[PDB]
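Below, in structure tokens: the form deposited in one PDB entry, a single chain.
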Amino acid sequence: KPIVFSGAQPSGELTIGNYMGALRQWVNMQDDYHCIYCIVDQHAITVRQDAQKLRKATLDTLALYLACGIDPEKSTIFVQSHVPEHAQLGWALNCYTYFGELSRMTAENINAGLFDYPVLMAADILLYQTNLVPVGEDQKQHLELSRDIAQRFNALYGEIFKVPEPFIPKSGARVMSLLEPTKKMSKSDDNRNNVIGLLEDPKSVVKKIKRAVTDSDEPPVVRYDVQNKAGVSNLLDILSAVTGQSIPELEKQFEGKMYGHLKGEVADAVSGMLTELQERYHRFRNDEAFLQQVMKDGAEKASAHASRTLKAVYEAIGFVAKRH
């Protein structure tokens, strides 16, 4: 199988956009690819934050990914800091990365971790002979750097690394912000009323969906039109993504119906989806023995592959081999 690598931020608070788009897509392709999920706690500390919240957030992220359907028997899921090889290769690749490349990444008070993390990201990918990396637009420059580092290192020492590719085909589900249906729903939003988080209760979902922007059409008509009726179209897309019903099916279902009925059905459908997900989440999250065993097994698998690459990197560079 081709190897897929994804880096999951611990501090992230996932939305229905994250789940119904990319994550649900990838949960169903775990037998097609050798999928690797790395909870990137070493990347997280580039932003200063409360230590106890970071530890909590790492375990929250682990349980949530497991709740979404990531299978630790099929996929490799692990914590970044538990595999030393990431930091080790990170340093090695610094010496084959131009300062210029990092300065040009899209002043004196910035920490060196924030300046240097694209090299650690390159190490995260290249450690596991990664074939494919599913990235968003804002991470595309970083993937290109990892491809450039890999080719540069390979040209000097032979084919040590696989040159990774972006995972091109996009999810399918379109989830836009509730008060700004032109902008995509993103976990990074400051206006929380634009998003619906995966751990939101049914009362919170009703509140946010009720407030969601629609249009001033008279009569109100539930029809799909991203240009003229962005808000109503987003509500249809969300409902479609949840239930699997096509857009023209929903358009027929809501014939002669106001936006109040649509919003009611959207809220009900999303919370129906989020309840089964939350059940799994809280069950996994409160079982510390389960989470510890997943992290141990995951790190053991990751380390097996990671150490083989780093050995070849170290041999190529010419370091004296460690005496075990």
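Residue numbers run from 1 along the displayed sequence. Rigid core here is just the name for the largest C-alpha set that superposes within 1.5 Å across the two forms.
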Residues with no coordinates between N228 and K229 in the deposited sequence, how many: none, 1 to 3, 4 to 9, or 10 or more? none
Should the higher mean CA B-factor in the entry be assigned to 34 to 42 or to 251 to 259? 251 to 259
121 to 129 set against 153 to 161, stretch whose average Cα temperature factor tops the other in the entry: 153 to 161
Among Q88, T76, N109, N234, which residue carries the highest C-alpha B-factor recorded in the PDB entry? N109
Which one of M176, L114, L239, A92 shows the biggest C-alpha B-factor in the PDB entry? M176
Split into thirds by Cα B-factor across the chain's modelled residues, where does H82 land: lowest, middle or highest? lowest
Is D148 in the lowest, middle or highest third of its chain when residues are ranked by C-alpha B-factor? lowest
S216 CA temperature factor, ranked by third within the chain: middle
Quick tally, chain-level thirds of C-alpha B-factors: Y224 sits in the highest
Using only modelled residues of the chain, where does the Cα B factor of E265 rank: lowest third, middle third or highest third? middle
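Another form, the form deposited in another entry, is not on view; read the next lines as being about it.
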After rigid core alignment between the shown form and the other one, the listed option with CA shift of 2 Å or more out of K229, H142, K162, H86 is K229
If I superpose the two forms on their rigid core, does the C-alpha of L126 end up displaced by 2 Å or more between the shown form and the other one? no
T275: Cα shift of 2 Å or greater between the shown form and the other one (core-aligned): yes
For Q25, is the C-alpha shift between the shown form and the other one 2 Å or more after core superposition? yes
